[PDB]
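Data block below; observations after.
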Amino acid sequence: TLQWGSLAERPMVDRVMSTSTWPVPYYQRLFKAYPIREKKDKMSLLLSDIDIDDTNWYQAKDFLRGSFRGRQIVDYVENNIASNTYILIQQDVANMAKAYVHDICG
Amino acid sequence: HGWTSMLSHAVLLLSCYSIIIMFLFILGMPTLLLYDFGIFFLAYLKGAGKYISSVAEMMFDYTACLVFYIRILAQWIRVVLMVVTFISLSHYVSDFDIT
Amino acid sequence: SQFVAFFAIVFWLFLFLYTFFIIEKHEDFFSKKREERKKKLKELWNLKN
Amino acid sequence: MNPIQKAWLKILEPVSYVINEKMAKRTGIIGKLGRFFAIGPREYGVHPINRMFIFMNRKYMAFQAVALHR
Amino acid sequence: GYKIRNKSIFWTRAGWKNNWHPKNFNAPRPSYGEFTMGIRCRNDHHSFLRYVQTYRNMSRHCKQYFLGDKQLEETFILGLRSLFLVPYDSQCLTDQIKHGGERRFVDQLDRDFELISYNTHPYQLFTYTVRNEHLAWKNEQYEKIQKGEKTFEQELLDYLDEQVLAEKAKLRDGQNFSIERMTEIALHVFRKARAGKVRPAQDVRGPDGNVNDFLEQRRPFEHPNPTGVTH
Amino acid sequence: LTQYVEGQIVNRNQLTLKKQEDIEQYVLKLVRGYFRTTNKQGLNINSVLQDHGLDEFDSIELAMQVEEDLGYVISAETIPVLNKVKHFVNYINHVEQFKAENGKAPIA
Amino acid sequence: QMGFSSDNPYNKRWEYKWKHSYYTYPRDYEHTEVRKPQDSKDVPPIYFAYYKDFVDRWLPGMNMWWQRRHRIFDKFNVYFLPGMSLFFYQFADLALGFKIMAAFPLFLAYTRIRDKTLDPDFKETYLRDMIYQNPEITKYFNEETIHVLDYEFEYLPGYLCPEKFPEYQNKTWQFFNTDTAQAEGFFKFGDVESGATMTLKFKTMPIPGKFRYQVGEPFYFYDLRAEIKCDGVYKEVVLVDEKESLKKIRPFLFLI
Amino acid sequence: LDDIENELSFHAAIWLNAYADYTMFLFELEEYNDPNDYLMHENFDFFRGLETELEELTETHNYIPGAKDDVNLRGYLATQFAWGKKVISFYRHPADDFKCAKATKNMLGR
Amino acid sequence: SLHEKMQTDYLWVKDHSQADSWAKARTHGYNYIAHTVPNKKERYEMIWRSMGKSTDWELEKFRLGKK
Amino acid sequence: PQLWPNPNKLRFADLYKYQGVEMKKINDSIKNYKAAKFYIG
Amino acid sequence: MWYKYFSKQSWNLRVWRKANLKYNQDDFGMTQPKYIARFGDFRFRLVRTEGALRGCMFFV
Amino acid sequence: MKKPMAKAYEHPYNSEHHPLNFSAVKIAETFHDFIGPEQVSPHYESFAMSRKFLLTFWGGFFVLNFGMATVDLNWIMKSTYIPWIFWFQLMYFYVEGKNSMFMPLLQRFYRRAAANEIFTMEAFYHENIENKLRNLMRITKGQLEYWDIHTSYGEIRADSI
Ligand SMILES: CCCCCCCCCCCCCCCCCC(=O)OC[C@H](COP(=O)([O-])OCC(O)COP(=O)([O-])OC[C@@H](COC(=O)CCCCCCCCCCCCCCCCC)OC(=O)CCCCCCCCCCCCCCCCC)OC(=O)CCCCCCCCCCCCCCCCC
Ligand SMILES: CCCCCCCCCCCCCCCCCC(=O)OC[C@H](COP(=O)([O-])OCC(O)COP(=O)([O-])OC[C@@H](COC(=O)CCCCCCCCCCCCCCCCC)OC(=O)CCCCCCCCCCCCCCCCC)OC(=O)CCCCCCCCCCCCCCCCC
Ligand SMILES: CCCCCCCCCCCCCCCCCC(=O)OC[C@H](COP(=O)([O-])OCC(O)COP(=O)([O-])OC[C@@H](COC(=O)CCCCCCCCCCCCCCCCC)OC(=O)CCCCCCCCCCCCCCCCC)OC(=O)CCCCCCCCCCCCCCCCC
Ligand SMILES: CCCCCCCCCCCCCCCCCC(=O)OC[C@H](COP(=O)([O-])OCC(O)COP(=O)([O-])OC[C@@H](COC(=O)CCCCCCCCCCCCCCCCC)OC(=O)CCCCCCCCCCCCCCCCC)OC(=O)CCCCCCCCCCCCCCCCC
Ligand SMILES: CCCCCCCCCCCCCCCCCC(=O)OC[C@H](COP(=O)([O-])OCC[N+](C)(C)C)OC(=O)CCCCCCCCCCCCCCCCC
Ligand SMILES: CCCCCCCCCCCCCCCCCC(=O)OC[C@H](COP(=O)([O-])OCC[N+](C)(C)C)OC(=O)CCCCCCCCCCCCCCCCC
Ligand SMILES: COC1=C(OC)C(=O)C(C/C=C(\C)CC/C=C(\C)CC/C=C(\C)CC/C=C(\C)CC/C=C(\C)CC/C=C(/C)CC/C=C(\C)CCC=C(C)C)=C(C)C1=O
Ligand SMILES: Nc1ncnc2c1ncn2[C@@H]1O[C@H](COP(=O)(O)OP(=O)(O)OP(=O)(O)O)[C@@H](O)[C@H]1O
Ligand SMILES: [Mg+2]
């Protein structure tokens, strides 16, 4: 509707309660109060839908090097893997199947 | 200009200065443009000469530079038309009948 | 009408008659880098990004 | 809280003891009067004139950075 | 969710999604040698080498304030490349830009390096702040490990390892422990831990529709006068 | 001549190769040390840097590290042509030969 | 020799050509290695931007004029133009026309000095297009593998040998010019693929082309020679020979 | 066999790191609701880094909105019914000027 | 297919025979707008939805047309 | 956590040595006042 | 390899001292008539162009 | 655990209360410190409607106060007649007349309609970003299927023998 009442009672029609409590405090909150500009422990929400890139393997090495097994994985990959990129993408099972036929002969 | 009514004894002080500012810097736009052209600035305006007499071309080059500035200065007659038309309306309204 | 005719002549038409932009270029390395860069990211596009 | 508020505290340290410890809890009217003039952290003690300067100084400075950087 | 309904949203007078060569009246036109007397142009073929030198300047002048932090230098390199790889990967046809896209980006990066040479660029001040907050947390963990104490991160890792054993010891019908199930185990522990901390209210509304601020105190009035300091 | 290394000031040393075998071993160690280099053991004298995950900007970082270790002043015109391990080896030879005859460093 | 040169260590032959979009100059010159935070001076002193524009734009611009001051010491610039400016300066208070005629020869003198003191810039893209057509050069050199080890190009002082070039023995031309407008230099090249090096020595002169008054090419290579040196092979390639090129075309003899 | 054992191990760690990125974002997003109900400076704190990039646009005087955005979607929404419908060109700085001028045999440089 | 089937069907999208004679609201609502009502934003949605139906959500036709 | 200062349950000595976010701003302004001694002088 | 990315379509002009050297001054302009005398020839011989001559005669 | 660096570089001319660089975010923070927090009313009714009679008294008190103080009020009413007629007849079309006469001039409406649509896009931010992640998570899950196959090869090779 376009006829909500008098001008004095205009701020009255805004509140909508989720409970059955009476009387109802009329004031409708506009924003959330932010008294102290505190640095949030939460991670940034910009890191939302970024595709795979260099930061993924760079951080993988940093977290893998925190383990003994991960240190062996990183060293063997960066030295003994003929790839022109660290952004490994599996689009076929050629390297997998040929590694099994060369292994199961025993 | 309403927010400057109490900033001075003249309500249109900023407008009276701005029309002069607008005139001076617009008048300087063609002057700086010819400076950017260089010594060849006349060839940018009129093009290639036609007669071998440098004195003859000088008169055609003087008119080419004259027209260069007339294209700008003559447009201020449009501003006079707006002020004259704006004043005529103010004169009719301010003298309209009320008894 | 005089307002539009003022700025459409003092600036727009005046500078259209005495200034211009060239169409010839002196360097074209962005075009050939984008082609090589696209082949570098061929596998990622194949995954539908 | 600012150094001027802390300077008032050292001067009013004995007055705060009389009001908050003795008057603010005795009884009746003396209790209400002592709890009304209690001494402590200023409720709604922000100075808007200080804050008006900080805001206008920052906004005018961002304009100075643009107008002077030519 | 919500999608733009206007089908002509990306239409410009120059074409669909054209932000490289917008249509204007003074369009570029060719010049003919035999008919041109003189010309005033600022275009040149120097943007390629200026692009190379600018990368070396920005990299080397930023590494002055890294204090030899090798991980920070390698991280900064990945960030610096993302700034220079903009024209090579953008949807915008940077090769069809109005008056030379190469010159435009080189002049744009020179304005960045000028700030970098003075150590006043916001990317630099952001890097020092982020790195200081990171090293302060790494030093906290190092002091707890030297003291034989267990870090908060190891307590969750150890707590999450025993949760998988308990779930895979009761799930004997199926034996496919997917990454989806592994995730919701950790998230159930993360929510409980985040709710345990005394954090400032991040969400606008709590369990009720009311806001979680200090201002959200309505009637009934049940608080007395504020009390003073104790001696 | 001193630089920070992990928060500690360390005196930096300069190298003088002046021999073909020392140049090849230095360049290989240089490229292998770069954190973006893939297949570090498959790297040989005839290895293209593009085949090891390196682009035009990684060649600048590699050349920047040559100026650190050898003390060269490499101009921006030379960097975009260094795209192979062989190119770094031949360039280092050309700089040392130029200084041995002309008595000065190449133009920067 | 490059006339415009600051204390900046990199890109010496491009210093006058590169037009940076800087508002003011960088705090420090381009670093040649990674430095310490205390190696440089935080918050440069007051009036630093004005000082940098003097020592990086004004001062090297004056060293360009001083380095090539021998090219502006002719009787026209030294005696005629100042003498003409002094004749009309005595009547500068009579009317405005004398002020103009007393200042014009000064502005004319500045333009000749400004044009003659600049570094000699040839059309280098013509040169590389010329050498990349030769099969004996492209056998060892390619654009994607070539690098510059040294570059030198400077005007030749005074009048040349008055048997190889009788043109410059003209009293009318000598009144306006004290030099030849010819230049000579070399190009030290190296190829990272083949390991070959060559010295590209060249001599240039202004020639008339296709028209009556305008110069055709201010820097025409009438002698272009290359001494290619490889692992064990020394070759000498003659792209343009002066004994044959000077029989077809003659210099231009700039006036004003 | 050890070649693909370590290759697939590193390949999995790359996409496990990507999985944790999307998982952790959806986790932090649970506390963020109704961007219209947050103040200006608090919304920037949730999206840390936007204030830094905003300072970069200001200090370099790139005060043309959406000039450095590849898809200036806000620029298209603002010009849905504009005369001479156009968006700013990519990385357009308000100070650059590529205007030229030539003199031909004809007038007006034609 | 059923969605496009009904969009093309003349019986589904067809004015009545007397529609030409009826009084027609010749505005979408952007001439006089309610500025201070609590449903102000919902009014703007209906204006935008009315303008989209007129141009089949190709608002370039509205930009070129007469207002 | 539970020892955080309360404006109601506060000691006199704790209020005098509070040093909150208001003082942290002032201490930053004081650093600017001191560093400007030679310029103003 | 900067020459690899140089565009030869900029060779349409030969700019030197703010003047295109490939200008047909023998067919257009004040320098077109070949019946000029000793003084007119010596005047064009100095300037080498009409644009520089006309610009100076403007102030003279 | 290796000992990390003690600290990074600390800029001597950048602080939180006096940031070196400028943006609207810092200005927005100082602005809300000035106007203070949102003055939330805890009451059941708004202040104006509860004190209409009282505010009407003080409303008319200041009208009378100005009226009793201004002895030349008739000179001000007459002095205001000309500008009141002039400015209203001059700006009528641009404010109101355009809504039913020659031109609509919908420039300001276009700015409301675009902002009203952005209000909805921000309200549905969580939905739109979650759908974009569903496609990226699908790609990530597809790449993680190769590791699940490899971890069964040891069992396959053992059971096949
Ligand atoms: C009441 C106020 C009224 C006025 C209002 C405006 C006020 C004035 C302000 C305007 C701006 C003035 C400032 C100019 C700065 C110039 C700086 C400079 O010198 O740089 C050089 C620069 C030239 O360099 P370039 O163009 O970049 O390139 C040159 C090539 O590289 C060169 O290529 P090249 O080598 O092939 O060329 C050869 C040579 C060819 O030259 C020749 O033609 C030769 C001439 C003949 C010489 C004599 C030969 C003698 C022969 C003797 C023979 C002896 C031998 C005999 C035999 C031998 C005996 C043994 O050309 C030159 O080198 C000469 C070019 C420079 C000439 C000087 C031009 C400026 C003169 C101004 C004089 C008055 C200034 C007063 C200002 C006072 C301060 C306020 O000069 C200019 O750019 C001039 C631009 C002028 C544009 C502005 C015009 C504005 C229009 C004004 C009139 C408006 C009227 C309407 C007004 C309406 C109301 C507003
Ligand atoms: C009902 C209406 C009643 C009206 C009357 C009262 C109106 C209220 C006035 C309030 C505003 C003015 C405040 C005046 C002082 C009041 C006390 C006060 O500041 O508030 C408590 C204040 C607490 O601040 P807050 O507002 O509660 O909250 C702070 C926020 O959290 C954030 O912390 P924050 O630090 O960022 O906040 C700073 C805060 C407070 O910052 C301050 O410290 C106030 C500084 C004000 C100027 C003091 C320097 C005066 C230099 C005198 C030179 C000597 C003269 C005699 C020479 C001897 C030879 C005869 O805000 C202001 O800056 C306010 C300044 C307002 C603008 C003043 C300049 C206007 C320029 C336009 C020209 C106008 C012409 C008339 C100007 C007349 C000037 C005399 O306490 C302190 O700040 C303690 C300061 C501790 C360090 C002090 C070390 C000395 C520093 C002196 C300055 C040295 C600069 C270099 C020398 C320059 C001259 C050579
Ligand atoms: C009077 C009061 C004076 C008070 C003082 C005033 C101030 C004087 C001092 C300052 C002087 C001004 C300074 C100017 C120099 C500044 C630099 C400059 O601008 O360049 C020079 C400037 C360049 O001129 P230009 O236009 O570039 O030359 C054209 C072409 O470029 C040239 O093309 P071209 O070189 O290829 O060939 C040119 C010519 C070929 O020319 C030649 O080849 C001839 C060369 C002859 C050389 C002879 C050498 C002799 C050497 C000395 C003798 C040998 C040694 C003897 C030793 C004896 C020892 C004792 O070819 C032709 O066929 C010419 C066309 C036909 C002639 C047109 C004449 C029009 C006259 C109209 C009036 C006629 C009335 C007749 C009545 C007569 C009785 C009163 O020269 C001039 O400014 C000339 C003055 C132009 C004034 C035009 C307006 C006035 C028109 C005439 C007045 C009409 C009379 C009105 C009153 C009637 C009742 C009396
Ligand atoms: C020695 C003896 C003398 C000394 C005695 C000392 C005692 C003095 C008595 C002073 C009383 C102070 C305590 C109350 C202060 C505020 C009064 C008030 O109405 O606040 C409630 C009202 C709403 O409170 P709420 O019920 O909680 O609703 C909250 C929602 O936000 C509501 O928003 P919503 O949109 O959702 O709902 C409707 C809203 C609708 O209202 C609004 O949202 C805005 C209304 C327009 C605001 C004023 C625009 C003025 C533009 C500036 C041009 C004039 C400036 C004056 C100074 C210029 C230089 C002389 O407000 C209402 O609920 C109904 C309207 C109630 C009347 C309020 C407007 C009356 C005019 C007040 C302006 C007075 C100055 C100009 C008067 C002529 C010059 C003397 O708040 C306001 O209107 C704020 C306006 C600014 C307040 C300060 C203005 C100065 C003091 C006002 C005194 C009013 C009576 C005397 C003047 C009347 C002349 C006709
Ligand atoms: C009669 C008494 C003297 C009368 C007054 C004379 C004042 C002269 C000084 C003020 C005017 C200087 C010129 C200002 C305008 C040009 C700005 C500029 O410098 O740009 C340089 C420009 C810089 O080049 P640029 O500006 O084109 O850009 C360079 C290109 N990039 C950007 C790529 C690097 O160079 C020149 O123009 C050539 C040098 C100009 C020389 C200027 C005059 C010097 C006078 C020296 C006198 C020495 C003897 C007396 C002193 C003795 C010791 C105390
Ligand atoms: C409010 C207080 C502050 C006021 C500040 C001023 C606010 C101005 C708001 C922006 C309006 C600017 C209008 C620019 C023109 C927009 C229309 C257009 O692009 O034309 C496209 C037009 C229209 O094409 P169209 O396709 O976009 O629209 C078609 C129209 N319908 C839909 C009706 C069919 O096409 C043209 O190419 C014509 C070009 C004519 C140029 C007219 C403008 C010339 C003047 C501009 C330069 C002025 C510079 C002054 C600087 C002074 C410095 C001293
Ligand atoms: C330099 O660059 C610039 C800026 O920075 C970027 C700007 O912000 C700005 C904008 C300017 C502003 C935002 C400031 C605006 C301030 C204005 C208009 C006037 C301020 C007026 C007041 C705050 C009113 C104060 C009232 C009075 C002074 C009258 C009563 C007298 C008082 C209170 C003082 C008594 C007099 C004395 C001589 C004693 C002084 C007392 C002290 C020093 C006590 C202080 C005590 C301590 C412990 C510090 C500009 C123009 C600028 O150019
Ligand atoms: N074809 C052209 N079209 C438009 N403007 C041009 C053209 N050629 C040059 N200009 C302008 O004239 C200037 C001088 O041209 P010039 O050929 O001398 O540059 P250059 O760098 O020395 O070329 P090169 O590398 O071949 O020696 C150029 O910087 C340019 O601004
Ligand atoms: Mg050149």
Side-chain angles (χ1 to χ4, degrees), chain B residues 1-37 41 44-45 62-91 93-94, chain C residues 1-21, chain D residues 60 62-70, chain E residues 24-26 40, chain G residues 23, chain H residues 61 63-65 82-84 86 88 92-101 108-109, chain L residues 83 86-87 90-91 93-95 105 107-108:
Chain B
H1 65 279
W3 71 279
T4 64
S5 299
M6 303 185 317
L7 303 185
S8 59
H9 296 167
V11 183
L12 297 172
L13 178 69
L14 185 59
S15 302
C16 291
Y17 268 89
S18 300
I19 184 59
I20 301 179
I21 294 175
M22 178 188 177
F23 182 87
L24 293 180
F25 287 95
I26 286 179
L27 179 60
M29 181 180 62
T31 310
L32 271 309
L33 182 56
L34 295 180
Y35 170 81
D36 292 336
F37 292 161
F41 71 101
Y44 290 78
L45 307 180
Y62 279 155
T63 59
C65 187
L66 180 55
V67 173
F68 185 66
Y69 283 89
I70 291 305
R71 294 181 190 273
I72 301 300
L73 293 184
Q75 302 303 319
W76 287 95
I77 307 179
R78 304 182 181 272
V79 181
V80 179
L81 258 59
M82 288 184 291
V83 176
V84 169
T85 316
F86 188 67
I87 290 299
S88 64
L89 177 58
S90 304
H91 173 75
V93 173
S94 67
Chain C
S1 63
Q2 301 308 316
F3 177 83
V4 181
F6 186 87
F7 295 88
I9 298 177
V10 174
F11 303 98
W12 181 70
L13 182 59
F14 173 80
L15 295 176
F16 171 77
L17 293 177
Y18 298 108
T19 55
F20 86 117
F21 294 101
Chain D
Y60 181 77
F63 156 71
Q64 289 188 320
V66 179
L68 295 170
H69 191 51
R70 294 308 176 192
Chain E
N24 66 285
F25 187 64
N26 197 346
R40 312 295 300 110
Chain G
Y23 284 83
Chain H
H61 273 208
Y63 55 83
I64 296 182
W83 287 18
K86 61 185 174 299
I88 196 74
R92 177 66 177 264
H93 193 275
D96 60 65
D97 182 291
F98 287 85
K99 267 296 184 60
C100 304
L108 308 176
Chain L
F86 173 81
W87 288 112
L90 187 69
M91 297 287 95
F93 174 80
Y94 303 97
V95 176
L105 302 183
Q107 176 64 57
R108 280 168 46 83

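Naming convention: chains lettered A, B, ... in sequence-line order (proteins, then strands); numbering from 1 in each chain. Values reported hereafter were calculated over all heavy atoms of this structure, with side chains retained and with hydrogens, waters and symmetry mates removed.
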Step through the shown structure and confirm whether more than 12 heavy atoms of other residues, nucleotides or ligands are within 6.0 Å of CZ on L:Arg108. no

Nearest-0.5 Å distance that lies between atom CH2 in C:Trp12 and atom CG in C:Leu17: 9.5 Å

Nearest heavy-atom pair of B:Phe37 and C:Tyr18: which atoms, and what distance? CZ-O, 3.8 Å

Trace of the side chain to side chain contact (heavy atoms under 4.5 Å, CB included) decision for B:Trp76 with B:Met22: CA-CA 11 Å; B:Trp76 287 95; B:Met22 178 188 177; 3.6 Å; yes

Which is it for B:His1 and B:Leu14 under the side chain to side chain contact (heavy atoms under 4.5 Å, CB included) test, yes or no, and what are the steps along the way? CA-CA 8 Å; B:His1 65 279; B:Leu14 185 59; over 6 Å; no

Side-chain (H:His61) to main-chain (H:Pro94) donor-acceptor, under 3.5 angstrom: no

Looking at every non-hydrogen atom in both residues, tell me the closest pair between B:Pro30 and B:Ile72 and how far apart they are. CG-CG1, 4.1 Å

Enter the distance from C:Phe16:CZ to E:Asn24:CG here, rounded to the nearest 0.5 Å. 10.0 Å

Can you name the closest pair of heavy atoms from C:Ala5 and B:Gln75 and give their distance? O-OE1, 4.1 Å

Once rounded to the nearest 0.5 Å, what's the spacing between atom CG of E:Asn26 and atom NZ of H:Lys99? 5.0 Å

Rounded to the nearest 0.5 Å, how far does CG of B:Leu34 lie from CE of B:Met29? 11.0 Å

Could you check, using the six-membered ring where one of them is a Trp, whether C:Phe14 and B:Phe68 have ring centers closer than 6.0 angstrom? yes

Could you check whether the rings of D:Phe63 and D:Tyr60 sit parallel, tilted or perpendicular, using 30° and 60° as the cut-offs? tilted

Scanning both residues in full, the closest heavy-atom pair of B:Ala10 with B:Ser8 reads O-OG, 2.9 Å

Could you measure the distance from the CG atom of B:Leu89 to the CG atom of L:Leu90? Nearest 0.5 Å is fine. 6.5 Å

CG-OG distance between B:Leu13 and B:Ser5, expressed to the nearest 0.5 angstrom: 11.5 Å

Determine, step by step, whether B:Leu27 and B:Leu73 satisfy the side chain to side chain contact (heavy atoms under 4.5 Å, CB included) criterion, reporting the C-alpha distance in whole Å, the side-chain angles of both residues, the deciding distance to 0.1 Å, and the verdict. CA-CA 8 Å; B:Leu27 179 60; B:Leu73 293 184; 3.8 Å; yes

Minimal non-hydrogen separation, B:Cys16 against B:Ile19, with atom names: O-CG2, 3.1 Å

Taking the six-membered ring for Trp and the single ring otherwise, decide whether the centroids of C:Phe6 and C:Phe3 are under 6.0 Å apart. no

